[PDB]
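Presented below is the structure to which this report refers.
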Amino acid sequence: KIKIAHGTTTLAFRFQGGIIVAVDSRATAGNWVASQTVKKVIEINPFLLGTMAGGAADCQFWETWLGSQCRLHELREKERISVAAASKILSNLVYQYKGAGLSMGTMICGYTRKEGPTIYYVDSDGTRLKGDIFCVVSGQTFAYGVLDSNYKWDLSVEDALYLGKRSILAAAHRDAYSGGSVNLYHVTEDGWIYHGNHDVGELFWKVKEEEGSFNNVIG
Amino acid sequence: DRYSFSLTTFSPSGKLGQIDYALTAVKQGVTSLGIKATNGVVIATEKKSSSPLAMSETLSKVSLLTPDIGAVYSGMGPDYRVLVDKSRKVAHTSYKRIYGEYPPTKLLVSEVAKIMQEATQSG
Amino acid sequence: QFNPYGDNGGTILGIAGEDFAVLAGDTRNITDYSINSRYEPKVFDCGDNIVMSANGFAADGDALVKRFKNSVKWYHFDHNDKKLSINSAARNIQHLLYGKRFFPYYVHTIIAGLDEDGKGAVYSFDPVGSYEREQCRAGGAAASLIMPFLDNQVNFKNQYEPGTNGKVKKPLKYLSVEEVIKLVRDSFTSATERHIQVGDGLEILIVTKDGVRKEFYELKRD
Amino acid sequence: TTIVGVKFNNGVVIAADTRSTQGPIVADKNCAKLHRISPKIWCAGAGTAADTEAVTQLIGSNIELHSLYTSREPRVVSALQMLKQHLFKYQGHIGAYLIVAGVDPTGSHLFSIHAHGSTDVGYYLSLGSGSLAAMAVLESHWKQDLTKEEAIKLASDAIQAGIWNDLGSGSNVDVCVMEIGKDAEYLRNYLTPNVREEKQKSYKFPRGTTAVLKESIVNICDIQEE
Amino acid sequence: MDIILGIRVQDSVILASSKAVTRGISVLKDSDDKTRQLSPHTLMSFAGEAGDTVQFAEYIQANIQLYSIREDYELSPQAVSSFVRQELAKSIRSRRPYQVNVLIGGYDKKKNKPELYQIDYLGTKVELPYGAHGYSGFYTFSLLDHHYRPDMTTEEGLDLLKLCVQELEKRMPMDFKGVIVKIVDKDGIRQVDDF
Amino acid sequence: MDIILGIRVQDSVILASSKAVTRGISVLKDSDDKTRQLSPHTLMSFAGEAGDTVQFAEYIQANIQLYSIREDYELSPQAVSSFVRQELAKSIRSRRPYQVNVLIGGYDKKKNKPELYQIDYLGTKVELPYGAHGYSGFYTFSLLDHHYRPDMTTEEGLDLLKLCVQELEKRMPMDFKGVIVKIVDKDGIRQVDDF
Amino acid sequence: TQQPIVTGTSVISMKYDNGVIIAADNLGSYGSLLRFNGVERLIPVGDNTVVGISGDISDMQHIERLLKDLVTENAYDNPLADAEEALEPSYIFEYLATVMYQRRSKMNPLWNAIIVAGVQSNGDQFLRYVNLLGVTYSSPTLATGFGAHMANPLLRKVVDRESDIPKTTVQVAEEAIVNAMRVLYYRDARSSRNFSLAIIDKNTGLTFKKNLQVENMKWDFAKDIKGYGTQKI
Amino acid sequence: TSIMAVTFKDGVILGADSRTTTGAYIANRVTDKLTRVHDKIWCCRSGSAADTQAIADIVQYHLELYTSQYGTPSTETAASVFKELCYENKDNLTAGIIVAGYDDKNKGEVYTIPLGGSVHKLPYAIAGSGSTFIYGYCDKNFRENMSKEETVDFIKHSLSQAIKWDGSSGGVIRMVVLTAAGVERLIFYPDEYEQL
Amino acid sequence: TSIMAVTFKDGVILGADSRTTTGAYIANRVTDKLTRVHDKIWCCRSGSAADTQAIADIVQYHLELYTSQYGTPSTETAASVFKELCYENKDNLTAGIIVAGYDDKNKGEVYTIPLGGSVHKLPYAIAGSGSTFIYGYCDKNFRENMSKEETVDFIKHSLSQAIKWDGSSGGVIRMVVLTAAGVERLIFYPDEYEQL
Amino acid sequence: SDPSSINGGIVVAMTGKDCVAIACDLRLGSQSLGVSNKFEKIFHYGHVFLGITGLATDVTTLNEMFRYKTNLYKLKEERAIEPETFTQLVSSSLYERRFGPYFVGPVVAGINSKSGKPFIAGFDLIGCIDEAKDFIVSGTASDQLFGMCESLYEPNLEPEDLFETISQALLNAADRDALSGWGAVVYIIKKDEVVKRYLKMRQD
Ligand SMILES: [Mg+2]
Ligand SMILES: [Mg+2]
Ligand SMILES: [Mg+2]
């Protein structure tokens with residue numbers, strides 16, 4: 001298609017230490033790899049993160065707009081907007097446009113003291129869902145977390161980051177359209193913290209050597 | 001056609017009569033020879049002209065099969081002529097149209113040999 | 001029925017240096033198997049040390065560039081002649097593109113310039129205004145022929161230190177404007193050989209703190 | 001593809017460009033489109049490249065067997081009748097568009113044949129994506145009683161029109177001249193107007209640049225004795 | 001596709017709703033509550049097109065809550081069902097029709113009678129002792145047609161519903177990931193603790 | 001759609017196959033065995049178009065059993081997998097192509113090595129340590145890519161498979177009504193009693 | 001969205017040392033029917049511009065009226081309407097290009113390919129193309145429809161690049177145009193023998209030639225062509 | 001294409017334009033559409049060039065084998081062979097053929113074979129895309145038992161109008177005259193027939 | 001439908017057939033297709049009967065309001081009003097109209113408006129399904145400055161051939177003569193024009 | 001849906017000084033899903049090397065078909081088939097399925113045992129021969145390979161230099177194709193020794 005679309009590798013999960021957000025950085029037009037360095041996490045504001053799945057433009061434009069609407073709310077009400085309220089601004093907007101051809105599957109992630117760590121999955125269909133974990137792998141959204149479904153609520157921030165990084169690596173290897181690098185975010189009550197850009201090429205060899213996993217692959 | 005059966009069969013002595021009699025026909029045929037040199041081969045025969053009014057140039061006993069392969073015979077001329085036609089065609093259908101080159105001498109010989117073997121066993 | 005879109009061919013290349021940027025495009029304009037022009041410029045100085053190209057359907061490309069140039073003029077009027085930064089230009093072009101989200105500008109847009117720290121900047125846009133800041137972006141017909149080459153010769157991807165057996169990556173060095181232009185010229189020379197829509201001429205706009213300058217090189221006319 | 005035939009005083013000249021394209025990509029920059037049906041009967045092909053080669057080699061093979069059978073040099077009207085009856089049978093599904101030119105005991109001949117099995121006679125013909133560019137030059141400069149030198153010049157000029165103005169054509173000009181009572185002369189790369197310029201840089205890598213996991217000797221030799 | 005069943009017993013109405021949200025071969029949620037409280041003694045369950053179901057359900061909730069405040073009165077389930085039907089009936093000849101199927105379970109405090117209303121996406125309304133929307137409809141109807149008694153107690157009605165869900169789990173190709181059960185009686189609306 | 005997983009461990013091959021047969025929204029069987037024994041040390045599991053799967057599987061079984069009697073020999077899994085691939089490869093350009101996907105698990109008595117072959121309906125064959133056909137493929141691959149060790153025992157391989165099935169039950173929209181597990185080792189083919 | 005009904009074929013043009021030449025045949029075709037022969041498709045605007053139009057003739061007659069209205073409008077409260085504030089070719093083109101792109105952007109195009117030939121105030125040659133898509137481009141030679149395929153190759157042999165323009169006289173340019181019109185008559189089934197030719201020169205101004213005919217045609221060789229292959233009679 | 005055959009006192013004349021098109025492109029501007037199937041039996045071809053060439057070649061073969069065994073075939077026999085091929089293969093053929101011949105017994109005869117592969121014997125026949133424009137003219141100007149010169153003028157004037165109005169017709173006007181005297185080929189160039 | 005308008009010495013004559021069809025059924029065999037939009041400005045209608053009747057009615061209204069304010073409109077003005085309606089509504093109209101009028105200043109004028117809504121001023125115009133068959137005849141037989149009797153003969157002979165060959169044309173030949181002398185209606189019956 | 005891009009993968013062949021190189025990726029996929037990283041696309045019949053891209057079932061079938069035909073050839077000819085002759089056999093074999101073709105992009109590489117002349121050829125799916133002097137490309141990243149080869153390639157490279165060129169051409173082309181990669185093999189072919197090298201590359 002003309003419009004860059006992302007059907008794969010966005011993960012967001014809730015844990016003791018807040019929310020982990022993990023994405024890949026690959027953009028594909030058909031089988032052509034357009035880029036290995038795209039940002040699939042949209043920084044709406046210092047406390048709100050959005051994941052880009054579906055139309056790249058549709059996600060960028062309307063989640064940048066959501067940050068504008070969130071800023072207005074804070075000027076008018078002199079209070080941080082709740083994740084419930086921020087998610088519902090975007091969900092109600094895409095519902096107006098329903099049937100026009102907007103494509104968006106996004107996890108709105110925020111940590112407020114009213115709600116605690118909150119993830120909302122927002123759809124171009126007008127679906128708005130609160131959940132502990134959401135993942136998007138090759139145009140398919142799942143609420144289970146790529147690897148073991150259980151994982152841990154009582155998980156260290158270091159360990160939770162690794163699980164998210166390792167989860168993107170699992171998808172990046174198997175999924176043709178997933179790859180490039182992993183971008184890691186830790187969402188706390190005081191805001192989100194960037195946990196860097198990790199090349200999947202270098203990550204894969206290191207993980208394989210240290211975990212002993214990917215025995216099937218020769219390196 | 002009701003001759004679906006072999007006309008060449010083993011006699012009690014283990015002879016194939018029709019092959020022996022074919023070889024007898026070849027014996028009565030005009031002499032032809034071949035000599036192989038280091039840098040070429042020669043094939044030769046006598047143009048036994050049936051009549052002096054006949055233009056013996058119009059009867060080719062020595063035939064090009066491929067640009068690099070020639071054939072001469074002893075025995076029944078008409079049998080030779082149709083074998084040259086089949087040999088020329090099989091060089092194309094079973095080789096040149098597959099490999100894009102003319103067959104080696106031994107393999108074109110192998111194909112001609114096969115056609116003559118079939119006239120020895122076919123109905 | 002009436003098809004409001006067409007393909008005018010062409011290929012464009014944006015590379016961002018440490019303290020410079022280049023936006024290059026071939027000067028050939030085509031429809032189907034015919035050449036319309038051997039010299040129809042595709043890369044434009046828009047003012048404020050910003051160069052722009054909108055490659056694909058030339059009509060939509062001309063319209064977008066025209067609208068953006070006008071946007072710069074009105075930015076000056078509305079904001080006391082404030083210089084439009086490349087990041088602000090990029091966000092502005094997203095809104096121009098996304099405005100026609102349900103009847104898009106059938107173009108791949110690249111802008112080149114310097115950021116507010118004086119460092120080389122290239123921004124790449126999809127037809128509906130999705131955008132990213134990049135060091136290297138080829139757009140148009142021969143993009144798939146050029147980008148793998150740039151991955152290898154700019155970022156030194158799949159290149160390692162001899163005698164380390166792939167344990168040490170070839171270290172990234174800052175490329176001079178002269179080396180970047182060699183890579184641009186070789187990219188288009190190679191594309192011209194293998195892509196029927198690429199040829200005739202190569203126009204390169206180079207952006208530095210000193211301003212915008214223009215270099216032109218002939219390409220094969222077959 | 002740009003293909004032309006030009007009849008002249010004592011023969012016919014056939015010419016073609018040397019670019020082969022998969023969609024917008026140039027697969028071969030020095031492709032030979034001038035094909036032999038028989039030693040003094042040549043043709044140029046446009047459309048499906050496999051089909052034009054396949055149909056020439058098949059009719060070329062059958063023409064050779066016919067020539068051997070009849071003890072006569074092959075005729076262009078035989079190559080033509082055999083090509084058109086084959087293409088007609090396949091109702092355009094064999095995408096072969098050919099300009100057939102040659103000399104035989106009957107004289108010099110120039111024909112065009114289309115994929116559906118229709119044929120045409122002419123003193124000048126053009127075929128392929130570059131035919132309109134080529135035909136513009138032929139319609140401008142063609143006259144009756146052309147010399148060999150004039151016909152080669154006109155033919156190669158008509159191909160050049162295709163190379164420069166058609167994206168489907170490019171690179172070089174191939175020519176074949178078939179003159180009565182003479183050997184056909186095939187002039188491969190008669191013109192070379194599109195030689196690539198020297199690159200700005202050598203892309204020869206230092207040895208050991210590529211990361212290697214495993215090396216092994218491949219056994220291409222047969223099973224050994226002893 | 002989704003499961004929404006309603007049974008009206010002697011003194012209450014029970015609504016059982018599938019907890020699964022699936023888009024294509026993707027399971028988005030396994031704890032989804034396909035219910036909105038319209039008024040203290042009226043409950044609406046909904047199944048249908050994604051987005052439209054929640055948007056419609058929440059719009060109805062707001063309008064009924066608005067009427068409650070303005071008149072300081074609770075609309076009868078009959079009145080709420082008539083309002084909900086009319087809103088669905090508007091949608092069918094609209095530009096983009098709502099694809100939402102609902103069950104309305106309410107207790108009428110004036111008549112001291114439980115009432116169950118089945119309304120499809122076209123605004124087709126019927127008052128039934130038991131109702132269902134989707135593939136599960138035909139199976140449960142035949143089972144309920146046999147077992148259902150109008151003098152059934154809430155516990156008897158719960159047992160019968162539990163049988164339905166057990167039989168539906170066996171016979172259905174899709175996994176609907178269990179049901180939430182809610183009882184609507186004179187005391188209000190409560191979620192059944194264990195099912 | 002259906003679930004057929006294979007894992008090749010140190011000394012055996014394990015095949016887990018979904019027990020459910022569904023046509024549209026109808027569940028036809030919940031105890032279906034999607035396996036044929038081709039030879040005493042070779043097992044084939046199959047998923048795909050209705051009728052074609054059993055017809056293809058049984059046709060292969062007959063041909064391999066025919067070869068067994070004629071030569072008084074058991075074909076190697078490699079030879080059986082090559083025969084099966086060729087039969088599938090014939091079908092694609094045939095009048096009505098077989099839509100059948102298979103896993104071939106065999107123990108090679110000459111090499112004393114377990115072997116697992118994955119062949120799709122087109123006759124696309126690969127030898128893998130683990131394989132799967134259908135929607136379940138991508139999920140199980142990522143899990144098996146992490147956990148799988150080539151020196152794994154049959155009990156370790158069984159545990160890993162059990163994890164896969166548990167995770168597949170949670171994440172899949174359809175109910176595949178459990179799996180039958182069969183082990184292929186030097187002693188032959190046995191059905192795992194409890195899973 | 002519509003379909004063209006009555007249509008005009010190729011418009012061809014090129015730059016020479018001192019100005020521009022543009023030409024078009026006088027035919028309005030109704031599908032395969034050559035219905036109207038007295039159709040003028042070169043419309044002069046003042047004494048410095050000629051607009052050559054191909055495609056739908058109803059849309060051409062509309063464009064003709066827009067240009068006629070443009071001249072009227074420019075003269076309103078304009079004491080320099082016949083001097084410094086006269087319509088330039090560049091103004092007339094940019095207007096048409098704006099209209100063409102707007103009409104395609106409302107999915108209701110003017111079904112035409114337009115070449116604007118003229119000479120600017122400073123004596124610079126103007127030659128630019130616009131079509132129903134709003135696509136625009138400039139070249140030392142321009143042609144629409146069949147002209148693009150057959151005329152351009154011939155005209156580009158005279159002026160292949162910008163540096164050839166000063167070396168091209170009006171006699172050589174006109175000759176090349178007239179030859180290209182003969183080639184189009186030979187090979188274009190929707191063409192006509194009768195055509196108009198306009199020269200806009202920076203010295204001698206606008207010369208508009210009507211009722212020109214394709215002459216010096218080669219047909220004699222037809223008598224020798226017999227059958228389609230084997231036929232000798 | 002514009003083709004016609006006209007019977008006159010001394011025989012029949014076949015007329016045709018010389019234009020073959022692919023869409024609007026003139027693939028051949030000097031086409032010969034008057035095709036010999038026997039010494040004094042010719043046909044005018046319209047439709048698929050591949051189809052009419054294939055049919056004419058097969059007919060020529062049939063009449064050559066006919067002549068070997070039974071001597072010179074009648075124009076009616078030639079028309080019958082054309083019809084058999086056209087009618088039996090109507091699903092896979094796009095061919096409109098006029099068959100014109102001279103016998104000594106029958107003299108000049110014209111048979112037209114439309115798309116369906118029906119046969120119609122006529123004093124004269126017009127066919128091809130350009131024929132639509134001259135139905136009026138031909139019906140008003142055709143007389144029986146015209147001289148050779150009158151018939152040449154009638155065909156020249158007729159095809160002149162057909163060419164003028166039809167984009168698919170054009171080039172030279174080819175004619176073949178079939179009489180006891182033999183076979184005569186006439187060509188008329190644009191400068192001659194355009195000024196009529 | 002076969003319609004034509006022909007300018008001569010004393011003015012212009014409009015000719016039309018009288019046939020309206022639904023498929024092969026003749027819905028009306030005595031249709032009047034010569035329609036008055038002003039005293040000496042008439043039109044010939046071809047295409048959608050609903051469309052040409054609606055357009056003619058609107059034009060008649062426009063010229064009646066024009067006449068009230070500015071006096072008698074020119075034939076050119078009438079053609080312009082027709083064109084405006086046809087061109088601006090080209091997407092929703094199927095109408096081919098010939099406009100014929102007599103001024104004292106301009107004399108006889110003919111304007112044809114094809115489907116696109118383009119305007120062409122001509123010495124004479126032919127239109128309708130039956131016009132295709134008489135392009136040859138009309139182009140050979142039309143002279144400028146013919147007498148009234150010659151022009152009636154020209155139109156009668158022309159539409160006679162159009163009717164003969166076109167199934168969509170037929171019935172009577174209606175004509176309207178526009179001169180300084182006034183407006184004259186002529187009718188010619190099958191028994192008259194078939195024997196021509 | 002498009003048979004030539006279901007499984008993915010690439011082959012490139014290059015000529016050097018008294019040597020040829022042929023290289024392929026190791027990926028086999030079902031569209032987005034990677035299935036195997038051990039699917040080699042280069043086969044050899046004596047000293048003649050054949051790479052095949054496209055529909056994987058056809059790759060396997062054509063390998064088995066050319067092994068069959070080159071085995072019979074050798075038994076009858078009493079010598080190994082040469083690259084020039086094999087190229088014609090591949091062409092003939094593909095064109096016989098003209099109206100039901102194998103969905104493949106074959107590449108021939110080898111040195112003529114008698115003349116010592118390096119030889120490469122490519123084919124479309126119905127057997128049209130591309131006999132390039134320089135390089136041949138095939139598969140889902142053919143555009144990327146054309147780009148890489150056209151800039152990286154220079155004539156008369158020594159075997160160990162040609163190795164670096166073809167390796168860098170394959171790796172960087174594959175990394176710009178979703179359906180290519182998962183490992184790579186390079187064959188450096190000289191008149192009487194062939195070296196096979198597996199390359200280390202990113203596994204995404
Ligand atoms: Mg090029
Ligand atoms: Mg004409
Ligand atoms: Mg990849």
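In the structure tokens, the first chain shown is A, the next is B, and so on; residue numbers restart at 1 for each chain, and ligands run from 1 in the order shown.
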query = Near chain J, which residues of chain D fall within 6 Å when you count only C-alpha atoms, and what do they look like as an MDAnalysis selection string?
reply = chainID D and resid 50 203 211:218 220
Taking only residues of chain D that have an atom at most 8 Å from an atom of chain G, what is each one's shortest atom pair and its distance in Å to one decimal, using only C-alpha atoms, in chain and number order, as a Markdown table?
| residue | atom | partner | partner_atom | distance |
| --- | --- | --- | --- | --- |
| D:77 | CA | G:230 | CA | 6.1 |
| D:80 | CA | G:229 | CA | 7.5 |
| D:81 | CA | G:229 | CA | 7.9 |
| D:111 | CA | G:229 | CA | 7.4 |
| D:119 | CA | G:228 | CA | 6.0 |
| D:120 | CA | G:228 | CA | 5.0 |
| D:121 | CA | G:228 | CA | 5.5 |
| D:122 | CA | G:225 | CA | 7.0 |
| D:132 | CA | G:150 | CA | 5.6 |
| D:133 | CA | G:150 | CA | 5.3 |
| D:135 | CA | G:150 | CA | 7.6 |
| D:136 | CA | G:150 | CA | 5.2 |
| D:137 | CA | G:154 | CA | 6.8 |
| D:139 | CA | G:183 | CA | 6.2 |
| D:140 | CA | G:183 | CA | 7.0 |
| D:144 | CA | G:221 | CA | 7.3 |
| D:161 | CA | G:153 | CA | 6.1 |
| D:165 | CA | G:153 | CA | 6.2 |
Write to file, as a CSV table (one decimal), in the first residue's frame, the residues of the selection just made, with N, CA and C atoms.
chain,number,residue,atom,x,y,z
D,77,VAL,N,9.4,-17.4,-47.1
D,77,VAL,CA,8.0,-17.6,-47.2
D,77,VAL,C,7.7,-19.0,-46.5
D,80,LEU,N,8.0,-18.1,-42.7
D,80,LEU,CA,6.8,-17.3,-42.4
D,80,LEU,C,5.5,-18.1,-42.3
D,81,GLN,N,5.2,-19.0,-43.3
D,81,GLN,CA,4.0,-19.9,-43.3
D,81,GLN,C,4.0,-20.8,-42.0
D,111,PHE,N,9.2,-9.4,-43.8
D,111,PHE,CA,7.8,-9.6,-43.3
D,111,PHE,C,7.8,-9.3,-41.8
D,119,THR,N,0.3,-11.8,-40.7
D,119,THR,CA,1.6,-11.4,-41.3
D,119,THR,C,1.4,-10.2,-42.2
D,120,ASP,N,2.5,-9.4,-42.5
D,120,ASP,CA,2.5,-8.2,-43.3
D,120,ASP,C,3.7,-8.2,-44.2
D,121,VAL,N,3.6,-7.7,-45.4
D,121,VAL,CA,4.8,-7.4,-46.3
D,121,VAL,C,5.1,-5.9,-46.2
D,122,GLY,N,6.4,-5.5,-46.4
D,122,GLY,CA,6.8,-4.1,-46.4
D,122,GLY,C,8.2,-4.0,-46.8
D,132,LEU,N,7.1,3.1,-32.6
D,132,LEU,CA,6.5,4.4,-33.0
D,132,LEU,C,7.7,5.4,-33.2
D,133,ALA,N,8.7,5.4,-32.2
D,133,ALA,CA,9.9,6.3,-32.3
D,133,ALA,C,10.7,5.9,-33.6
D,135,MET,N,9.6,4.1,-36.3
D,135,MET,CA,8.7,4.3,-37.5
D,135,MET,C,8.7,5.8,-37.9
D,136,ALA,N,8.8,6.7,-36.9
D,136,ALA,CA,8.9,8.2,-37.1
D,136,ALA,C,10.1,8.4,-38.0
D,137,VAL,N,11.3,7.8,-37.7
D,137,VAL,CA,12.6,8.0,-38.4
D,137,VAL,C,12.4,7.3,-39.8
D,139,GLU,N,9.7,6.7,-41.6
D,139,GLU,CA,8.7,7.5,-42.4
D,139,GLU,C,9.3,8.8,-42.9
D,140,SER,N,10.4,9.3,-42.2
D,140,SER,CA,11.0,10.6,-42.5
D,140,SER,C,12.1,10.5,-43.5
D,144,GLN,N,12.8,4.7,-52.0
D,144,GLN,CA,13.0,3.6,-52.9
D,144,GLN,C,14.5,3.5,-53.4
D,161,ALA,N,16.5,6.1,-32.2
D,161,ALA,CA,15.3,6.8,-31.9
D,161,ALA,C,14.5,6.0,-30.7
D,165,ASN,N,14.3,7.6,-26.8
D,165,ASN,CA,13.0,8.1,-26.5
D,165,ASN,C,12.1,7.1,-25.9
Using only C-alpha atoms and all ligand atoms, what does the table of chain A residues within 9 Å of ligand 3 look like, with each row giving the shortest atom pair and its distance in Å to one decimal, sorted by chain and ascending number, as a Markdown table?
| residue | atom | partner | partner_atom_place_in_ligand_line | distance |
| --- | --- | --- | --- | --- |
| A:33 | CA | ligand 3 | 1 (Mg) | 8.0 |
| A:172 | CA | ligand 3 | 1 (Mg) | 8.9 |
| A:173 | CA | ligand 3 | 1 (Mg) | 8.5 |
| A:175 | CA | ligand 3 | 1 (Mg) | 8.7 |
| A:176 | CA | ligand 3 | 1 (Mg) | 5.6 |
| A:177 | CA | ligand 3 | 1 (Mg) | 7.3 |
| A:178 | CA | ligand 3 | 1 (Mg) | 8.1 |
| A:179 | CA | ligand 3 | 1 (Mg) | 7.2 |
| A:180 | CA | ligand 3 | 1 (Mg) | 8.8 |
Report as CSV: every residue of chain C with an atom at most 10 Å from ligand 1, its closest pair of atoms, and their distance in Å to one decimal, counting only C-alpha atoms and all ligand atoms, with rows sorted by chain and ascending residue number.
residue,atom,partner,partner_atom_place_in_ligand_line,distance
C:28,CA,ligand 1,1 (Mg),9.5
C:188,CA,ligand 1,1 (Mg),9.4
C:189,CA,ligand 1,1 (Mg),8.9
C:190,CA,ligand 1,1 (Mg),9.2
C:191,CA,ligand 1,1 (Mg),7.1
C:192,CA,ligand 1,1 (Mg),3.9
C:193,CA,ligand 1,1 (Mg),5.4
C:194,CA,ligand 1,1 (Mg),6.5
C:195,CA,ligand 1,1 (Mg),5.0
C:196,CA,ligand 1,1 (Mg),4.0
C:197,CA,ligand 1,1 (Mg),5.7
C:198,CA,ligand 1,1 (Mg),4.5
C:199,CA,ligand 1,1 (Mg),4.6
C:200,CA,ligand 1,1 (Mg),7.9
C:219,CA,ligand 1,1 (Mg),8.2
C:220,CA,ligand 1,1 (Mg),6.5
C:221,CA,ligand 1,1 (Mg),6.9
C:222,CA,ligand 1,1 (Mg),5.6
Output of the above residues as a CSV table (one decimal), in the first residue's frame, restricted to N, CA and C atoms:
chain,number,residue,atom,x,y,z
C,28,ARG,N,14.6,13.6,-14.9
C,28,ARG,CA,13.7,13.0,-15.9
C,28,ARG,C,12.3,12.9,-15.3
C,188,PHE,N,23.0,7.0,-8.2
C,188,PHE,CA,22.1,7.4,-9.4
C,188,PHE,C,22.7,6.8,-10.7
C,189,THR,N,24.0,6.7,-10.8
C,189,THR,CA,24.7,6.0,-12.0
C,189,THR,C,24.3,4.6,-12.0
C,190,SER,N,24.3,3.9,-10.9
C,190,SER,CA,23.9,2.5,-10.7
C,190,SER,C,22.4,2.3,-11.0
C,191,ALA,N,21.5,3.2,-10.4
C,191,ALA,CA,20.1,3.2,-10.6
C,191,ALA,C,19.7,3.4,-12.1
C,192,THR,N,20.5,4.3,-12.8
C,192,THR,CA,20.3,4.7,-14.2
C,192,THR,C,20.5,3.5,-15.1
C,193,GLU,N,21.5,2.6,-14.7
C,193,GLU,CA,21.9,1.4,-15.5
C,193,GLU,C,20.7,0.4,-15.4
C,194,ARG,N,20.0,0.3,-14.3
C,194,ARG,CA,19.1,-0.9,-13.9
C,194,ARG,C,17.7,-0.5,-13.9
C,195,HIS,N,17.4,0.8,-13.8
C,195,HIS,CA,16.0,1.3,-13.8
C,195,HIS,C,15.7,2.3,-15.0
C,196,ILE,N,14.6,1.9,-15.7
C,196,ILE,CA,14.3,2.6,-17.1
C,196,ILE,C,13.7,4.0,-16.9
C,197,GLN,N,13.2,4.3,-15.7
C,197,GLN,CA,12.6,5.6,-15.3
C,197,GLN,C,13.6,6.6,-14.8
C,198,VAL,N,14.8,6.1,-14.5
C,198,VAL,CA,16.0,6.9,-13.9
C,198,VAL,C,16.9,7.3,-15.1
C,199,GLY,N,17.4,8.5,-15.2
C,199,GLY,CA,18.4,9.0,-16.2
C,199,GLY,C,18.3,10.5,-16.5
C,200,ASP,N,18.9,10.9,-17.6
C,200,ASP,CA,19.0,12.2,-18.2
C,200,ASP,C,19.9,13.2,-17.4
C,219,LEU,N,23.3,12.2,-16.6
C,219,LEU,CA,23.1,10.8,-16.5
C,219,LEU,C,22.8,10.3,-17.9
C,220,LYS,N,22.9,8.9,-18.1
C,220,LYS,CA,22.7,8.3,-19.4
C,220,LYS,C,21.2,8.6,-19.8
C,221,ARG,N,21.0,8.9,-21.1
C,221,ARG,CA,19.7,9.4,-21.7
C,221,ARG,C,18.9,8.3,-22.3
C,222,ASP,N,19.3,7.0,-22.2
C,222,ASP,CA,18.5,5.8,-22.7
C,222,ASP,C,17.6,5.4,-21.6
inquiry  = List as number ranges by chain the protein and nucleic acid residues lying within 7 Å of ligand 2, with only C-alpha atoms and all ligand atoms counted.
reply    = G: 189; H: 163-170
message = Set the distance at 12 Å and use only C-alpha atoms: which residues neighbour residue 137 (chain C) once local chain neighbours fewer than 5 positions away are removed? I'd like the list as a ChimeraX atom specification.
response = /A:34-37 /C:11-16,21-25,53,108-112,121-126,131-132,142-151,154,184
